[PDB]
Amino acid sequence: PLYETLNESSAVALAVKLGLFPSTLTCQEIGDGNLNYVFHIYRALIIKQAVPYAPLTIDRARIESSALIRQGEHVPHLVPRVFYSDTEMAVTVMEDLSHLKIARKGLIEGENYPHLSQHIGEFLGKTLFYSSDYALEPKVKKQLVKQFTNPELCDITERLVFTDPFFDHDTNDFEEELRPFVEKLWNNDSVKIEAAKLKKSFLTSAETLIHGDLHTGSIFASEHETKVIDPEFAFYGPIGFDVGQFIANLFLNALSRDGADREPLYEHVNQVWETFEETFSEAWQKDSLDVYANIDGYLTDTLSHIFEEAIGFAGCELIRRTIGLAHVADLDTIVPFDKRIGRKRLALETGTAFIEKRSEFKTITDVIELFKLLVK
Amino acid sequence: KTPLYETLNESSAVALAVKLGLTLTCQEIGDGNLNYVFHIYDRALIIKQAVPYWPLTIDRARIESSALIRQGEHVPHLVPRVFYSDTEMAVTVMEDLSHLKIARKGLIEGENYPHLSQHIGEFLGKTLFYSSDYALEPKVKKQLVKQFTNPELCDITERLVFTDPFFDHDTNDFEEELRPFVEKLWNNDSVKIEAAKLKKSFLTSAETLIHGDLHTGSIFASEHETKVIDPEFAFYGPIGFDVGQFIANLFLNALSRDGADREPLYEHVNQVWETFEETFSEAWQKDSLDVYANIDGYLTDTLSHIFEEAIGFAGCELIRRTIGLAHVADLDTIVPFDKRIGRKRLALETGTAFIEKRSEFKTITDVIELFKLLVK
Ligand SMILES: Nc1ncnc2c1ncn2[C@@H]1O[C@H](COP(=O)(O)OP(=O)(O)O)[C@@H](O)[C@H]1O
Ligand SMILES: Nc1ncnc2c1ncn2[C@@H]1O[C@H](COP(=O)(O)OP(=O)(O)O)[C@@H](O)[C@H]1O
Ligand SMILES: [Ho]
Ligand SMILES: [Ho]
Ligand SMILES: [Ho]
Ligand SMILES: [Ho]
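As summarised from the PDB record, the model derives from X-ray crystallography at a stated resolution of 2.000 Å.

Here it is as structure tokens:
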């Protein structure tokens, strides 16, 4: 069996064997998860390897490499370069981005990252367009669907984002002071029917190759640079999903802040939708293969559908990150405790509003303005 | 080793039937040029084989065999039994149904087939449910999507049903007397935008394993029996598609008839929707895996979505069959010529109305009553 877990030594040996170094090197394992090692080798390099836990298939490393390379074809400046990949060893050798900070960390420290939304909006519009039926011959697209089928990672999302938070399930994790509001959600038939439909779309709508986990902890940032990483959840899913999960995580950071310190984030939500729409639209007009593409009003109705699902998926992400298994540092580190519970209540209520009202919003401004009203 | 595909003849077809262990006479009775259908007698047997030669791979035989077997697990009384299949030779050995008549032929001859809609409604509700995410564990369903990926047959449909009739494309085929009305369709931006969305759903909504070409020429019928055949177009697609294609073909036959003779067809349109809804609903109650399934109103909204798409897909089928490459004998055999033109103009008009107004109908009766008024 060809798979063997690497260490700092064999990681160095792999790097030299690839001719990526002469080589005089030091290696430190710097990963923060329990299912991947990330080896930093210092010119520098990163080698990421999936571990079986021996649980989750090491096949996600094939998806991740393939996803990163595909993203690199259209937005090379917004993803790490890949130098080597191997499915059997479950390895991706890629560009070192140690000079950057994970965006969630920076944002909690109070960095504002002026270009974050412009860069992520571009990432969203080009990646989501160029792997769609709008951009690709349909027989080609259908092969990519097979190639990026991701049953085990999709299973995590289907459960965590779309199901468990809405019921009294074992995976949930919330303070007992939130229970009155949590049980309010559980008893809300109409929001749950809506969460069901959004889930159905997640299950069935193979529109493009999505990132599948595009939150602020999956992005590197500094003043001038942005890089998206860790596309292990990539599969063919709804266009609105990456847009919505990103947006929710900007709202999650706003909720961790107070007063006028929230404005940079509200500005990020506006600018990211704006940039997504502009970017998707330029691509659509330049590169669409569809005979229907140029019919007046078709791009518009298409964007309206993506906008609506995006808001619904943001609602689920807001709710999921508050009371489910996998939380965010933005909410969990708010102090004092009573203030934390207050803001977590607001994440629940705004997420609910987003799900229920998603088709009523006409612009991103309506979304921002409604959120601001609720969180006053 | 070597390539194993070889075209069968009447002799080698008999030799295979005996080698399988299943004094004989053989006649090839196929009506297309892409398949041979060998009838073997004395008890009887059918052997279908794909021909390589619209050039089309023999891979469709693999789809068809596996689609037939899957349909048979839930509705064995509504599909021919499969005794043997082989992907390399591209053969399906199946139950003889020569005591039955192709439904389109029988309907044009004036057969009414009292149970046709009862039987097709059940086929529709059970096949479409039990292969969906509602019925299957999502990891299981996702592998069935790979297995029934059908790029070439889908390409036919995406072109013929959803694209070509709506523009001045070379595949179209209509009398020059229809041109004023045909060009009216081509210039209709708002209906084309809706055809585009219906297509997008065909391209992207992997909800269930559908038959993909369920018209009246794909069904065997007698007074007491119904059998669905030729699921070569099978893939993971929108639930409403089979429902809508079938419905459109009942309306196509109605248009070929006059006056009081149309009523058994209108009753079939009503009964097939009713029975589909009943059958799908019973299945939903008894066999859903979804925690969301029994939330009051969710089955209802789900059926409303299927109903809407089904009417829009019916619109496309009505138009497609009238002016596209592949016509229907119901319309093309209408006499005299001017009557044929009149009825073909109405198929275009009702199809357009179906596409445009699909979300405004509340019941199947609404659909039947609008059709009746348009074809007075
Ligand atoms: N290309 C890289 N350059 C520098 N550090 C990286 C790089 N990729 C990952 N890391 C570090 O390792 C951590 C975990 O990486 P990630 O790809 O998210 O692994 P996991 O999928 O296990 O979460 C990141 O937060 C980051 O600090
Ligand atoms: N199981 C069967 N029993 C009896 N006749 C059959 C059977 N299957 C097909 N046929 C006959 O052969 C014709 C062609 O079958 P079909 O499966 O529709 O092939 P094609 O894909 O080439 O149209 C049918 O219209 C029918 O007359
Ligand atoms: Ho990560
Ligand atoms: Ho990851
Ligand atoms: Ho056929
Ligand atoms: Ho066929």
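Time to look at the site of ligand 2. Residues and elements named next belong to chain B. Of all residues adjacent to ligand 2, which total 16 residues, the nearest are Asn 35, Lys 48, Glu 95, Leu 97 and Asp 230. Within the side chain of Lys 48, a nitrogen or oxygen atom sits 2.8 Å from an oxygen atom of ligand 2. At a separation of 3.0 Å, an oxygen atom of ligand 2 approaches a polar side-chain atom of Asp 230. Every element with two or more residues in the shell around ligand 2 is listed here: β2 (35–41) and β3 (44–50). Of the residues in the shell around ligand 2, the class split is eight nonpolar, two polar and six charged. Taken domain by domain, the makeup of the shell around ligand 2 includes at least three residues from each of domain 1 (1–99) and domain 2 (100–376).

Turning to the interface of chain B and chain A, a few remarks are in order. Listed as interface residues are 38 residues of chain B and, on the opposing side, 40 residues of chain A. Mapped onto the side of chain B that touches chain A, the elements with two or more residues apiece are α5 (138–147), α6 (151–160), α8 (189–204) and α11 (298–323) of chain B. The greatest single-element share of the side of chain B that touches chain A, amounting to ten residues, is contributed by α8(B). The residue makeup of the side of chain B that touches chain A, split by class, is 16 nonpolar, seven polar and 15 charged.

All names here are of chain B. Look at the UniProt record and you will see "binding site: ATP" annotated at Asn 35, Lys 48, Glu 95, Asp 96, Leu 97, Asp 230, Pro 231 and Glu 232. With respect to the helices and strands, the residue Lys 48 is situated in strand β3. Not counting residues up to four positions away in its chain, the partners in contact with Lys 48 are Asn 35, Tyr 36, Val 37, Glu 64, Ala 90, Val 91, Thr 92, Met 94, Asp 230 and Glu 232. In this structure, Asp 230 sits in the loop between β9 (226–228) and β10 (235–237). Once you skip the residues sitting within four places of it in the chain, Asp 230 turns out to touch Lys 48, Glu 64, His 211 and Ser 218. Within the local environment of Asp 230, its side chain forms a polar contact with the side chain of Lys 48, the two groups lying 2.9 Å apart.

Quick look at the UniProt feature "binding site: substrate" in chain B now. All names here are of chain B. Those places that UniProt annotates as "binding site: substrate" correspond, in this numbering, to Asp 213 and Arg 320. The greatest C-alpha distance among the residues just named is 12.8 Å, despite their covering 108 residues of sequence, which places them together in space. Inspection of the secondary structure puts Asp 213 in the loop between β7 (208–210) and β8 (219–221). Residue classification places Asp 213 among the buried positions, given a relative accessible area of 10%. Once residues within four sequence positions are removed from consideration, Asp 213 is found in contact with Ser 218, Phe 233, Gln 245, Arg 320 and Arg 321. Mapped onto the secondary structure, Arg 320 falls in helix α11. Aside from chain neighbours lying at most four places away, what touches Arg 320 is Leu 160, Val 161, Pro 165, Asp 213, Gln 245 and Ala 326.

Time to look at the packing of aromatic side chains. Inspection of every chain in the model, using the stated rule, returns 50 aromatic pairs over all chains. Between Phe241(A) and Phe313(A) the ring centres are 5.3 Å apart and the planes differ by 70 degrees, which places this aromatic pair in the edge-to-face class. Placement of the pair is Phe241(A) in helix α9 (residues 240–256) and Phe313(A) in helix α11 (residues 298–323), with a sequence separation of 72 residues. Comparing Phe241(A) with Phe313(A), the two get one shared label, buried. Seen in terms of ring centroids, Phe251(B) and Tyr266(B) are 6.3 Å apart; in terms of plane orientation they differ by 55 degrees. Their pairing is tilted.

Residues and elements named next belong to chain B. Viewed as axis vectors pointing N to C, helix α9 (residues 240–256) and helix α14 (residues 364–374) meet at an angle of 30 degrees, and their least axial separation amounts to 12 Å. In terms of their interaxial angle, α9 and α14 are classed as roughly parallel. In the crossing of α9 with α14, the sense of the turn from one axis to the other is right-handed. Contacts between α9 and α14 involve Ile 247, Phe 251, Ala 254 and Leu 255 from the former and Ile 364, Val 367, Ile 368 and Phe 371 from the latter. Here the contact of α9 with α14 is composed, by residue class, of eight nonpolar, no polar and no charged.

What follows concerns the site of ligand 1. Residue and element names in this part refer to chain A. With respect to spatial proximity, 16 residues lie near ligand 1, and among them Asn 36, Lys 48, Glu 95, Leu 97 and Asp 230 are the closest. Backbone polar atom of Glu 95 to a nitrogen atom of ligand 1: 3.0 Å apart, as the coordinates give it. Between ligand 1 and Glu 232, the relevant distance is 3.2 Å, taken from an oxygen atom to a side-chain nitrogen or oxygen of the residue. The fraction of the free accessible surface of ligand 1 (550 Å²) that becomes covered by protein chains is 87%. Those elements that provide at least two residues to the shell around ligand 1 are β2 (36–41) and β3 (45–50). Here the residues of the shell around ligand 1 are counted per class, giving seven nonpolar, three polar and six charged. Counting only domains with at least three residues in the shell around ligand 1, you end up with domain 1 (1–99) and domain 2 (100–376).

This paragraph deals with the side chain of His40(A). Residue and element names in this part refer to chain A. Structurally, the position occupied by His 40 is in strand β2. The buried category is assigned to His 40, whose relative accessible area is 17%. Among the polar contacts listed, one links the side chain of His 40 to the side chain of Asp 96, at a separation of 3.3 Å. Setting aside its immediate chain neighbours within four residues, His 40 contacts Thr 26, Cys 27, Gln 28, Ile 30, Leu 45, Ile 46, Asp 96 and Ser 98.

Residues and elements named next belong to chain A. Of the consecutive residues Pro 22 and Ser 23, the connecting peptide bond is found in the cis state with omega at -15 degrees. For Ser 23, the position within the fold is in the loop between α1 (8–17) and β1 (27–29). Omega for the bond connecting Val 335 with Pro 336 falls within 30 degrees of zero, at -5 degrees, which places this linkage in the cis form. Within the secondary structure, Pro 336 is located in the loop between α12 (329–332) and α13 (337–357). Although it is not a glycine, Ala 90 sits at a positive phi angle of roughly 65 degrees.

All names here are of chain B. Residues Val 91 and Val 93 line one face of strand β5 (residues 91–94) and the alternating positions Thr 92 and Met 94 line the opposite face, and both faces are buried. Summarising the sheet, β3 and β5 pair through four bridges and their orientation is antiparallel. Residue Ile 47 lies in a different strand from β5, and its bridge partner there is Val 93. In this sheet, β5 lies alongside strand β4 (residues 82–86) in antiparallel orientation, the contact comprising four bridges. For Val 82, the partnering residue across the bridge sits in β5 and is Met 94. Taking the residues between adjacent antiparallel strands as the criterion, β4 and β5 are bridged by four residues, where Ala 90 takes a positive phi near 60 degrees.

Let us look at the environment of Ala206(A). Within the secondary structure layout, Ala206(A) lies in the loop between α8 (189–204) and β7 (208–210). The class of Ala206(A) is buried, set by a relative accessible area of 11%. Along the sequence, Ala206(A) and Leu289(A) sit 83 residues apart, while their C-alpha atoms lie 18 Å from each other. Ignoring any residue separated from it by four or fewer positions in sequence, one finds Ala206(A) in contact with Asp133(A), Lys141(A), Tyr236(A), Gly237(A) and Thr204(B).

What counts, and at which threshold
Residues numbered from 1 in each chain as written, not as in the entry; some residues may be left out. Chains lettered and ligands numbered in written order. Heavy atoms only, no water. Residues with missing side-chain atoms left out of burial classes, pairs and counts. Near = heavy atom within 4 Å. Polar contact = N/O pair within 3.5 Å; in protein donor to acceptor, adjacent residues only side chain to side chain. Helix = DSSP H or I, 4+ residues; strand = E, 2+ residues; numbered from the N terminus. Nonpolar A, V, L, I, M, F, W, Y, C, P; charged D, E, K, R; others polar. Domains from an automatic or database assignment. Contact = heavy atoms within 4.5 Å. UniProt positions renumbered as here; feature names shortened; annotations may be inferred. Buried < 20%, exposed > 50% of the residue type's maximum accessible area, 1.4 Å probe, protein only. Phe/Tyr/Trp six-rings, centres within 6.5 Å; stacked < 30°, edge-to-face > 60°. Axes fitted to C-alpha atoms, helices over the stretch in contact; angles between N-to-C directions. Parallel < 35°, antiparallel > 145°, perpendicular 65-115°, else oblique. Left-handed = near helix turned anticlockwise from the far one by under 90°. Areas by Shrake-Rupley, 256 points an atom, 1.4 Å probe, with all protein chains shown as cover. Pairing = 2+ DSSP bridges.

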